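Colleague:
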Amino acid sequence: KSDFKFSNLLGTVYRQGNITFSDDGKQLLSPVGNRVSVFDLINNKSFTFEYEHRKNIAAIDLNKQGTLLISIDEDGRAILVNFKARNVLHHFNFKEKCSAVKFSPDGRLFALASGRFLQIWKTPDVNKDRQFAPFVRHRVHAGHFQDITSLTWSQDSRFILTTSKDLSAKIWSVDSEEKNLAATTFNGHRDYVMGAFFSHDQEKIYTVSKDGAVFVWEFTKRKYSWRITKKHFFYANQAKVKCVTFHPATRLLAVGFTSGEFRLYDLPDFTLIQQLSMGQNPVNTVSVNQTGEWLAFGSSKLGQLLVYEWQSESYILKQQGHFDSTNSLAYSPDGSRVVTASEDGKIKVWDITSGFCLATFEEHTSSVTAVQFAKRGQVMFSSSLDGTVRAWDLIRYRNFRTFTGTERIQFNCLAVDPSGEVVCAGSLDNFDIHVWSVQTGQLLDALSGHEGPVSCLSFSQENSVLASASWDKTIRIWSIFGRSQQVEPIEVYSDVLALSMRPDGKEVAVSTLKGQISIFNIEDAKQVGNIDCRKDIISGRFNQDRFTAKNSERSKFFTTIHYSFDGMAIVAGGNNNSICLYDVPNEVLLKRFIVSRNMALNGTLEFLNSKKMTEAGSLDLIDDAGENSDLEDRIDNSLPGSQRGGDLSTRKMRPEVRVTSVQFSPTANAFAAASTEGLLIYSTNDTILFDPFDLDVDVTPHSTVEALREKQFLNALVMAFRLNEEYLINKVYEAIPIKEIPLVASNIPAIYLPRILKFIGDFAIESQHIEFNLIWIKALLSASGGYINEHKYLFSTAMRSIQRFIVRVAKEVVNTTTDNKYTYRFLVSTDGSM
Amino acid sequence: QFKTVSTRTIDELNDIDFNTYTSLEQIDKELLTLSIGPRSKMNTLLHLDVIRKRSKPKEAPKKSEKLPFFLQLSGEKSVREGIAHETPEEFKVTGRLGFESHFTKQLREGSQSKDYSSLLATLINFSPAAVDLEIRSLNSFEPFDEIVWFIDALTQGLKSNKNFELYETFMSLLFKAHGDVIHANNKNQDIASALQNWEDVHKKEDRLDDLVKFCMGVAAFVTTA
Amino acid sequence: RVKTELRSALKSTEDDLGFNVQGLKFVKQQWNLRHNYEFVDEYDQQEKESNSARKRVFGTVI
Amino acid sequence: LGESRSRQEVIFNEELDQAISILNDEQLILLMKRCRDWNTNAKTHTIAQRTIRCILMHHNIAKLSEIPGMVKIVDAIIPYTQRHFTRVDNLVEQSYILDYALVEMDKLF
Amino acid sequence: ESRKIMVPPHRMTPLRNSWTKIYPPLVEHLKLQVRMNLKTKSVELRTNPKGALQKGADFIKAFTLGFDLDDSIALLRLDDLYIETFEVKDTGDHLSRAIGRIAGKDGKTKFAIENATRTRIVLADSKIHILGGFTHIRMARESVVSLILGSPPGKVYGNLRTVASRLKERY
Amino acid sequence: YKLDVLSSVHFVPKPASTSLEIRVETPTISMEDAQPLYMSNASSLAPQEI
């Protein structure tokens, strides 16, 4: 139950740093803020590493065995991770801002550009145990005078070619005996040298600078001493070079500028292969595949990530995330994708497994405040600050309905009917609730009676009663349908934000500004029970404020709560960096999750380092923005009293950490939280955590495979259920023959029914045994499908996971074979003559 | 925490000692079984034209004019594993015996030996662009041998009840690419008999149809009502 | 008996429904490959299809 | 069509579908104009689908393509056939509550 | 050890005027010795004492076949390049307009299939030579055989669009 | 724009605009983002719009 682990981070495909591919370039590793996301682009899936830097990460590299990663943040705290085990091996603090880190091609050394020193360390093994100090320093070279901007290893891991802000580039041999082969420095650029690469044969050296010159250096005579043989210029006038890379085997130089334009050249002849634009923001990262066929570009201002094949002029993916600006989320009615309503005015539909956005919708001209699904994933409603609720067909991708009021107000929350005739929406400046029909477009009613801004709306999913709750300390229950026009006001102790509604519509849980979650019986309007949550809330201290995190009143309450689908738990989040989940019978905290440890966000640390507090102000409120290398980030265009507007440049404070929406998954035992870093997805998995169910001493994996070998199949299945071990359940499940699936499925005891149903769901989504899984589903639904119907909310997430398998792989296969049957019948039954 | 240890007792089913169960490839020969691979490969194959049309940029990139014509072939010396970088191995049809491709050579050899297992292994192996480019070039002109060899290769394939969603999309890609020539010389004996035995094996696929119909209808009834 | 006869009638009508779908899209597709147009370049092809698409104009609210 | 459903390759009486086989371009194009506008119902669609079926299996497909006007008709009533196929497929998938009721009635004893 | 490549008397004068750009990669990049027999209208390539004779033979044989100078240098370099020759043979009806169908008005069909399949084609009266990679030759030859054996222009042009995309695509 | 951001986007919306939108027909594959997958393969126009 309560044993959730950080699974995934939807949204935010790129934040800051360098993109890396794999060696067999199937996955790409993308630095999201202080996590690292890895997107597998062929097996369409994605994961995020569990570990967490304390600042935004700035460098990524993993060796070409694929076996370990090293990630450095923006003040040099490196973290070495085992890439296959997904566990962190070492934490190593380099003392200053490291610009690049690279492994050797032969994997055994890595080097990094810390300040103006190139330091080469040698890679610890993945097979060795963790030591106190696994890194053994090879050397540290200091020949540059200003900071080093780039590394490049040679093809043999023998020389390393580094580029600096100082207007040179240098070549260093790895070992001391070849010191005479590599002692030269490469002058001649007017600006920062952005890259320096070898050719395939390591005879030519290309050095690309910031102003736009690429120099070809050759070991020629005018003795032989590395002349410059040709200077080529990009002649991009206002823009200048932001990122350079070179695939030496295909002779492909890829260059991204500060204007979104990137050009890619065939280098020693300098012929423009292609030139096209990501956008208007600068291209912060270019990275290239090992075969040189894919180019991954990252722009850091809009958080966007392309990977683009330049032969077939086509985007493998062109994605863009949302940092800090995400107002709402909603799971699809099968937990396959999450719809995100974001403050720059748009809807984005993110697949969960493959961590990418399928569709985006921009018809709101202001910050979209709420999304909500209806008509079982066919329609989706959203309300924004531009005055409109509007409806979206997720088949034809059309905004087919737009609902406005008559009073020019901005809508902050909505609620749809189950039987989606009526949409409903509430504002924070109008005190009314606006009731629109969906079939016609008209304003059906304006419900009145709150004396404070209607903070939250929800329709009961079963008996269809409306529950609104507002800042006049009052939850209110409206019987709209059928001649009633009945209003029942329940008062409560303080002003309400985030009501939520049970899946059976019996009870309603409200979150209050005191810090509590009260739970009320709807039909008999009396309080069933409350949780007191303001003392298990992690409220950090901001940098600007002059009052401690203990005495602060900023975030000791939950602005979003949500029921579990068995009705037994509540997940909750707010403007604090803890999300907490409880079980509502016992009103006790099951688990509290720290949503960020990034010190680049504001409300993370409860106690701020007193070294940073000086005789006039803290040292993190000092703006060091004019110490910057160029005008576009020396610029301050932040109009003064702006909080929660748009365009993070226009607010002047650090982005605070907050969760704006929490939701449970409708199909598989997880929840998504819309934080500022992205859509944090926390999920359990049954592979770990031995948690048996009434086993005795004679219940053993050995006993289960003896019962399987002796072919008591029902006894082996219930022994594996009492073990609750996923591999054993899978082994017995596949070993039962087709001849006696229905006998076993009829003799399964009723306590092991949700276990076998949720196992069949989470197995059959990705397993290939489609007819076996459908035989088991047919046998279970036929043998025990009355117990399910009279215990709906137990199998409410195990049955939604099963019809996530039938309509999403099995029905697609059945559609293909049906079309083949009918095209056969046409192609042989009719007349093709001339 | 970094490897997995065997739960096998010291003193003084290797998958069950390492707490794993590698799921077996198909449980029974009379059971349909999808491919061991991503589920999206069927959809990529069925709609890869419109997906790439989506994926094109909005205007054409600015190239040069003094660009070499054989730029795709003019590499140096991480090796490319596409259908374009394929060399022939080791007296005029569409593909001579020195310039036969691997797919056409294996298709012919399977037509000799009446066993297309290596052909189907190559088909399940290579990528969707390679699959479309191999099916789209299949000698649909004078005697129609390569089409009918592909059709009874797919027959031998989906007799085996494995990878069957891929064999279904290969038949859909055949009918899409040059089902017009099959409709043209309909009532030709060889191609009509090849389609006849393909339908003879393919008509036993409604087991999946009424199985998912039962599961969908009863699951909906049990959940809602 | 009701189940057998009812499902036989329903599969009998959707048989000719699916037949007519595949036949009519074959007719349209062979007309297209007979005399649609000649563009090998993808950008000119997509602009040609965008100019030759079906347009319908809708009354939206801003 | 109703008497064809009554009694018992051929979908009408055979003299009627050879009489619909031997009609020329103007007659079959107006016949498909009004099969197009009959197909827009959910009630009158079956007569339209079976007339389209007998035209397709009694005429030459290249001839049907080359008749001028019959590509603006078949574009108009392919997606109606698609929504009727989805509707009848949904109806036959929700038809198996009879089969579930039979297996419950068999588990009764 | 030597090779003789007979230059026909319709590609003789371009060989003489572009000869000064043909023999330098034959005599210093390749280390062959090269003679041009004005009596037999042939090119002789002999090996000096100080497996490239077949490369030089294919170089001058491409120029002999009808491929231009830079195309022949592309064959001399670029190891992954091949060249396939075939007559039509599949007269007013068939010979006199199948080649007009390969060409088209101003050779635009030949230009389109060249750019689509990344080969390049020289079309004689009925002798088609194709210079490309192995898969590229396969697709250009399949399309040329297609439009001498009868296919609609919409079908062959749609196949050309598709083959350009799928030949440039990774995966 | 900058008045809304300065006002910390509590504002009062623009009055009303019954505008006019032309949508061409196209696959909703093509109306999507660039990623390997898709979500729906319909056509953007209804049968009663064709």
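First to last, the sequence lines map onto chains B1, BE, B2, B3, RT and 5E. Heads up: the first sequence runs through residues 2 to 223, 245 to 856, numbered per PDB author numbering. Heads up: the second sequence runs through residues 659 to 670, 702 to 766, 772 to 784, 805 to 939, numbered per PDB author numbering. Heads up: the third sequence runs through residues 882 to 943, numbered per PDB author numbering. Heads up: the fourth sequence runs through residues 702 to 709, 717 to 817, numbered per PDB author numbering. Heads up: the fifth sequence runs through residues 95 to 144, 150 to 189, 194 to 274, numbered per PDB author numbering. Heads up: the sixth sequence runs through residues 446 to 495, numbered per PDB author numbering. We treat Cβ as the ideally placed atom computed from N, Cα and C, and that holds for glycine.
By the DSSP assignment, the alpha helix (DSSP H) with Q790 (chain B3) in it spans what residues?
Modeller: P787 to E801 is the span of the alpha helix (DSSP H), which, as asked, contains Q790 (chain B3).
Colleague: In this structure, how does DSSP classify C478 (chain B1) when only helix, strand and coil are distinguished?
Modeller: Correct three-state label for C478 (chain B1): strand.
Colleague: From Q326 (chain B1) to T307 (chain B1), what distance separates their C-alpha atoms?
Modeller: Taking the straight line from one Cα to the other gives about 10 Å.
Colleague: For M106 (chain RT), which residues in the same chain have their Cβ closer than 8 Å to its Cβ, ignoring the five residues on either side in sequence?
Modeller: Cβ within range, chain order: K135.
Colleague: Under a three-way DSSP split, which group does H239 (chain RT) fall into?
Modeller: Of the three classes helix, strand and coil, the one that applies to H239 (chain RT) here is helix, per DSSP.
Colleague: Going along chain 5E, which residues have a C-beta under 7 Å from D652 (chain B1)?
Modeller: Per Cβ cutoff of 7 Å: no residues; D652 (chain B1) is ~24 Å from chain 5E at best.
Colleague: Report the start-end ranges of each beta strand (DSSP E) in the segment 206-256 of chain RT that is 3 residues or longer and not cut off at the edges.
Modeller: Segments of the beta strand (DSSP E) lying fully in the segment 206-256 of chain RT: 223-226 and 230-235.
Colleague: Tell me, please, whether the CB atom of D894 (chain BE) is closer than 8 Å to any CB atom in chain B2?
Modeller: Yes, contact with chain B2.
Colleague: According to DSSP, simplified to helix, strand and coil, what is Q826 (chain BE)?
Modeller: Helix at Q826 (chain BE).
Colleague: Opposite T348 (chain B1) in the DSSP bridges: which residues?
Modeller: Its beta-bridge partners do not exist; DSSP assigns none.
Colleague: Quick check on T941 (chain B2) - is its C-beta less than 8 Å from some C-beta in chain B1?
Modeller: So yes, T941 (chain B2) belongs to the interface.
Colleague: Keeping to the same chain, check which residues put their C-beta closer than 8 Å to that of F817 (chain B1); ignore five residues upstream and five downstream.
Modeller: Here the set comprises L775, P776, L779 and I810.
Colleague: Give the range of the alpha helix (DSSP H) segment to which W863 (chain BE) is assigned.
Modeller: It spans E860 to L872 - the alpha helix (DSSP H) in which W863 (chain BE) sits, taken as one unbroken run.
Colleague: Is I778 (chain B1) near the ligand COA - that is, is its Cβ less than 7 Å away from at least one heavy atom of it?
Modeller: As for the ligand COA, it is missing from this structure, which has no ligand bound.
Colleague: Can a CB atom of chain RT be found closer than 8 Å to the CB of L847 (chain BE)?
Modeller: By this cut-off, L847 (chain BE) is an interface position.
Colleague: Is it the case that the segment 201-216 of chain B1 contacts the segment 271-279 of chain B1, given that we only count it when at least three CB pairs across the two stretches are under 8 Å?
Modeller: At 8 Å Cβ cutoff, the stretches touch.
Colleague: Check whether the Cβ atoms of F166 (chain RT) and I116 (chain RT) sit closer than 8 Å, and answer yes or no.
Modeller: No, the Cβ-Cβ distance between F166 (chain RT) and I116 (chain RT) is not below 8 Å.
Colleague: Which of helix, strand or coil does DSSP assign to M813 (chain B3)?
Modeller: Note: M813 (chain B3) maps to helix in three-state DSSP.
Colleague: Give me the Cα-Cα distance between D829 (chain BE) and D866 (chain BE), rounded to the nearest whole angstrom.
Modeller: Cα to Cα, the separation comes out at about 10 Å.
Colleague: Can you look up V754 (chain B1) in the DSSP assignment and give me helix, strand or coil?
Modeller: Residue state, collapsed to three classes: helix.
Colleague: Is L234 (chain RT) closer than 8 Å to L180 (chain RT) when the C-beta atoms are compared?
Modeller: Going by C-beta atoms, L180 (chain RT) is nearer than 8 Å to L234 (chain RT).
Colleague: Which of the residues in the segment 237-262 of chain RT, read from start to end, lie with their CB under 7 Å from any CB of chain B2?
Modeller: If the cut-off is 7 Å between Cβ atoms, the segment 237-262 of chain RT has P255, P256, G257, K258, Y260 and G261 near chain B2.
Colleague: Which first and last residues belong to the beta strand (DSSP E) in which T163 (chain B1) is found?
Modeller: Element bounds for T163 (chain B1): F160 to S165.
Colleague: Quick one: which unbroken beta strand (DSSP E) runs of 3-plus residues sit fully inside the segment 198-223 of chain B1? Chain order, please.
Modeller: Taking only runs of at least 3 residues, the beta strand (DSSP E) segments lying wholly in the segment 198-223 of chain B1 are 206-210 and 214-219.
Colleague: Please list, in chain order, all residues of the same chain as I716 (chain BE) whose beta carbon is under 8 Å from its beta carbon, the five residues on each side excluded.
Modeller: Cβ neighbours of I716 (chain BE) beyond the five flanking positions: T722.
Colleague: When Cβ atoms are compared, which residues of the segment 819-845 of chain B1 fall closer than 8 Å to chain BE?
Modeller: From the segment 819-845 of chain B1, only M821, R822, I824, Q825, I828, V829, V831, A832, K833, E834, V835, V836, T838, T839, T840, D841, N842, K843 and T845 have a Cβ closer than 8 Å to chain BE.
Colleague: Within the same chain, show all residues whose beta-carbon is closer than 6 Å to that of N45 (chain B1), passing over the 5 residues directly before and after it, in chain order.
Modeller: Taken in chain order, the residues that qualify are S376.
Colleague: Does the segment 790-798 of chain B1 touch the segment 749-765 of chain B1, meaning 3 or more C-beta pairs lie closer than 8 Å?
Modeller: In short, these stretches touch, since the Cβ pair count reaches three.
Colleague: 8 Å is my cut-off, CB to CB: does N932 (chain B2) come that close to chain RT?
Modeller: By this cut-off, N932 (chain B2) is not an interface position.
Colleague: Given that a residue counts as buried once 16 or more other Cβ atoms are within 10 Å of its Cβ, and exposed if not, what is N691 (chain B1)?
Modeller: Counting Cβ neighbours within 10 Å, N691 (chain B1) comes out buried, since at least 16 surround it.
Colleague: Enumerate, from N- to C-terminal direction, the unbroken alpha helix (DSSP H) stretches of 4 or more residues contained entirely within the segment 743-817 of chain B1.
Modeller: With a minimum length of 4 residues, the continuous alpha helix (DSSP H) runs that stay inside the segment 743-817 of chain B1 are 748-757, 763-768, 775-786, 792-805 and 809-812.
Colleague: Would you say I417 (chain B1) and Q400 (chain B1) are within 8 Å of each other, going by their C-beta atoms?
Modeller: In this structure, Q400 (chain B1) lies closer than 8 Å to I417 (chain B1) by Cβ.
Colleague: Could you check how far apart the C-beta atoms of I560 (chain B1) and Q549 (chain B1) are, in whole angstroms? I think they sit under 8 Å.
Modeller: Contact flag wrong, Cβ pair sits at about 27 Å.
Colleague: Please list the terminal residues of the continuous beta strand (DSSP E) segment that includes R138 (chain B1).
Modeller: Where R138 (chain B1) is concerned, the enclosing beta strand (DSSP E) stretches over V137 to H142.
Colleague: Assuming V102 (chain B1) and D62 (chain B1) are in contact, meaning their beta carbons sit under 8 Å apart, how far apart are those beta carbons, in whole angstroms?
Modeller: At roughly 5 Å, the Cβ-Cβ gap stays under 8 Å, so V102 (chain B1) and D62 (chain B1) are in contact.
Colleague: If you follow the beta strand (DSSP E) that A381 (chain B1) is in, where does it begin and where does it stop?
Modeller: First-last of the beta strand (DSSP E) with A381 (chain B1): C379 to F383.
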